[PDB]
Peer 1: 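The structure's right below; bear with me while I get my questions together.
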Amino acid sequence: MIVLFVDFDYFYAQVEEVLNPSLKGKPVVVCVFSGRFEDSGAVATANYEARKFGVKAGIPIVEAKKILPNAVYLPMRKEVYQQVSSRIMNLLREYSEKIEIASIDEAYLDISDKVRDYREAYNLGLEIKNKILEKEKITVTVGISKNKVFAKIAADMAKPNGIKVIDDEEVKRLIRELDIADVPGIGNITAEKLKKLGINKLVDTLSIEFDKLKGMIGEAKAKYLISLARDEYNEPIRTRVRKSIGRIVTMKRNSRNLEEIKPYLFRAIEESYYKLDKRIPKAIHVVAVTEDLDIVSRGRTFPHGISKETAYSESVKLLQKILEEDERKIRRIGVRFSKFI
DNA sequence: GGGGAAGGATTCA
DNA sequence: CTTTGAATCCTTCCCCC
Ligand SMILES: [Ca+2]
Ligand SMILES: [Ca+2]
Ligand SMILES: [Ca+2]
């Protein structure tokens, strides 16, 4: 099959440039402020002008400002980004009915029935890029290959504002020369476990005892990597349906006082119920981040949908359970809804 | 023995 | 004193449907 993956470039920061054109060419840093003190929080994303200097996703705002004190720092406006995203995703549906929106700035299109070979696929990619740029003024990077994993890898290799095809021969080459830590789904934790087994390339996963691999990184990831190594990886492009929606918020001051936490929890519940919109959850989990950054949760599943009134009384019961089964103080508190009707 | 659901922790991004 | 949303993975346990 032929897969065409679209990845919006430094998306949040690019949208802010689209809304304020004079920002282009200047380092722009979109931040997620937490409210614990002046500039507390981290960078959500930065444009390349900022990344060039080390200011990137994940570094503390305070740190970023030490590197680029005169950069433009903007608060994250997720709603705006989500609406621009939605409009771009609609443009993409016009190129294939088989589309998988993987996130706010990523989507896979199965274009097998639209093009005959990679040359045509490439031309369709330029067409898609021109279209998005024309309608929304947003640049994207297109990756094209035989399956979702290599289509994503192609985009990783070509971003920003690029387009790349990874034909069958290059797939075989990558299976031998690509750093396994660069394979989608393999984060830091897994990359290190793999490194401790002397595995640095997909190909390496074949010449090892399966139970040794499975025992180290889990059965699912082991089978996943081996299938990629056997060039036998296959996963169809399917419509994504979110399976859980929730919100967890950092508090003013750590605590284990029920009456003092209710407000924050109820806040997360109202914001969660807003995002649900029509979706009716049968399950609820209360999640707490401890003073020392540990994450603990308690949940419950009901035989029917959970009205917000039910969510309110039940969340307290679940938070009480955590408070009781854990001596530590809570830093962050939130709720998570799932098992939608 | 193993399907399948539920409760939690882990991992990815 | 870095976010923080969501899927994935690991155990346990019921049940023989
Ligand atoms: Ca992106
Ligand atoms: Ca992304
Ligand atoms: Ca833990």
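Note that these values count all heavy atoms, side chains included, but never hydrogens, waters or copies made by symmetry. Convention: sequence-line order gives letters A, B, ...; per-chain numbering from 1.
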Peer 1: Is A:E219 salt-bridged to A:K214, going by a charged N under 4.0 Å from an acidic O?
Peer 2: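 Result for this pair is yes, salt bridge flagged.
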Peer 1: Measure from the side-chain heavy atoms of A:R336 and tell me the nearest of B:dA9, C:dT4, C:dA6.
Peer 2: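 Minimum distance to the A:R336 side chain belongs to C:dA6.
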Peer 1: Just checking A:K193: base, sugar-phosphate only, or nothing, at a heavy-atom cut-off of under 4.0 Å?
Peer 2: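 Contact class for A:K193: sugar-phosphate only.
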Peer 1: Quick one: which of C:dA6, B:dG8, C:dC1 gets closest to the side chain of A:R298?
Peer 2: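 Shortest atom-to-atom distance from the side chain points to B:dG8.
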Peer 1: Closer to the 5' end of DNA chain C via nearest nucleotide, is it A:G218 or A:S34?
Peer 2: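 Nearer the 5' end of the strand: A:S34.
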Peer 1: Applying a 4.0 Å non-hydrogen cut-off, can you work out what A:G334 is touching in the nucleic acid: base, sugar-phosphate, or nothing?
Peer 2: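 Nothing: the residue A:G334, judged by heavy atoms under 4.0 Å, touches no strand.
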Peer 1: Under 4.0 Å, counting only non-hydrogen atoms across every strand here, what does A:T250 touch: a base, just sugar-phosphate, or nothing?
Peer 2: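 Contact class for A:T250: sugar-phosphate only.
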Peer 1: What integer distance in Å separates A:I306:CD1 from B:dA6:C1'?
Peer 2: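 My rounded result for the distance is 13 Å.
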Peer 1: Check DNA chain C against residues 40-49 of chain A and give the residues with a non-hydrogen atom under 4.0 Å, in numerical order.
Peer 2: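 Here the set is A:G41, A:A42.
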Peer 1: Between A:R51 and A:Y48, is NZ or CZ placed under 6.0 angstrom from the six-membered ring centre and within 45° of the ring axis?
Peer 2: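 That pair qualifies as a cation-pi contact.
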Peer 1: Grab the CD-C1' distance between A:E219 and C:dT8 for me, whole Å please.
Peer 2: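 Result: 13 Å.
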Peer 1: Grab the CD1-P distance between A:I189 and C:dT8 for me, whole Å please.
Peer 2: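 Atom-to-atom, A:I189 to C:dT8, this comes out as 18 Å.
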Peer 1: Select base, sugar-phosphate, or nothing to describe what A:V296 touches, counting heavy atoms under 4.0 Å on all strands.
Peer 2: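 Counting heavy atoms under 4.0 Å across all strands, the contact made by A:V296 is with sugar-phosphate only.
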Peer 1: Rounded to the Å, how far apart are A:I333 CD1 and C:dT3 P?
Peer 2: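 About 16 Å, once rounded to whole Å.
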Peer 1: Under 6.0 Å between ring centres, would you say that holds for A:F150 and A:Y233?
Peer 2: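 When the ring centroids of A:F150 and A:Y233 are compared, they turn out to be at least 6.0 Å apart.
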Peer 1: Could you please name the partner base of C:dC17, counting Watson-Crick and G-U wobble pairs only when both distances are under 3.5 Å?
Peer 2: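 Partner of C:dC17: none found under 3.5 Å.
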Peer 1: Just call it for A:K78: base, sugar-phosphate, or nothing, with non-hydrogen atoms closer than 4.0 Å on any strand.
Peer 2: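 The answer is nothing, as A:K78 stays clear of every strand by at least 4.0 Å.
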Peer 1: What's the closest nucleotide to the side chain of A:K221 if the choices are C:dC1, C:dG5, C:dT8?
Peer 2: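 Of all the options, the side chain of A:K221 is nearest to C:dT8.
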Peer 1: Contact between A:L4 and A:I128 at the side-chain level, heavy atoms closer than 4.5 Å - yes or no?
Peer 2: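 Yes, their side chains come closer than 4.5 Å.
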Peer 1: Please report, rounded to the nearest Å, how far the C1' atom of B:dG8 is from the CG atom of A:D326.
Peer 2: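 Between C1' of B:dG8 and CG of A:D326: 13 Å.
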Peer 1: C:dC1 P sits how many Å from A:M251 CE, rounded?
Peer 2: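 It is 18 Å, rounded to the nearest whole Å.
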Peer 1: Heavy atoms, side chains only, cut-off 4.5 Å: are A:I245 and A:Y274 in contact?
Peer 2: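 A:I245 does not reach A:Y274 side chain to side chain.
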Peer 1: Would you kindly say whether A:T301 and A:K339 are connected by a side-chain donor-acceptor distance under 3.5 Å?
Peer 2: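 Checked: A:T301/A:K339 side chains pair up, N/O donor to acceptor below 3.5 Å.
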Peer 1: Where the side chain of A:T190 is concerned, which of B:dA9, B:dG7, B:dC12 is the nearest nucleotide?
Peer 2: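 The listed nucleotide nearest to A:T190's side chain is B:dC12.
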Peer 1: Please state how far atom CG in A:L293 lies from atom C1' in C:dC1, giving the value in whole angstrom units.
Peer 2: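 Distance, rounded to whole Å: 9 Å.
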Peer 1: Where the side chain of A:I295 is concerned, which of C:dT3, B:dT10, C:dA6 is the nearest nucleotide?
Peer 2: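 Of all the options, the side chain of A:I295 is nearest to B:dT10.
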Peer 1: Using the side-chain heavy atoms of A:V32, tell me which of these nucleotides is nearest: B:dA6, C:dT4, C:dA7.
Peer 2: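 Of all the options, the side chain of A:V32 is nearest to C:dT4.
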Peer 1: Please state how far atom NZ in A:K243 lies from atom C1' in B:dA6, giving the value in whole angstrom units.
Peer 2: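 Taking NZ of A:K243 and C1' of B:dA6, I get 17 Å after rounding.
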Peer 1: Report the nucleotide, chosen from C:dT4, C:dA7, B:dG8, that has the shortest atom-to-atom distance to any side-chain atom of A:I248.
Peer 2: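 So the side chain of A:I248 is nearest to C:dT4.
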Peer 1: What's the closest nucleotide to the side chain of A:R331 if the choices are B:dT10, C:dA7, C:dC1?
Peer 2: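 Looking only at side-chain atoms, A:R331 lies closest to C:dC1.
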Peer 1: Indicate yes or no: at least one non-hydrogen side-chain atom of A:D168 is less than 4.5 angstrom from one of A:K172.
Peer 2: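 No; the side chains remain at least 4.5 Å from each other.
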Peer 1: Taking for each residue the nucleotide of DNA chain C with the nearest heavy atom, is it A:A220 or A:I245 whose nucleotide lies nearer the 5' end?
Peer 2: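 Looking at DNA chain C, the more 5' nearest nucleotide goes with A:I245.
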Peer 1: Pick out which of A:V142, A:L92, A:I237, A:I144 makes a side chain to side chain contact (heavy atoms under 4.5 Å, CB included) with A:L109.
Peer 2: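 So, applying the side chain to side chain contact (heavy atoms under 4.5 Å, CB included) to A:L109 and each of A:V142, A:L92, A:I237, A:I144, only A:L92 qualifies.
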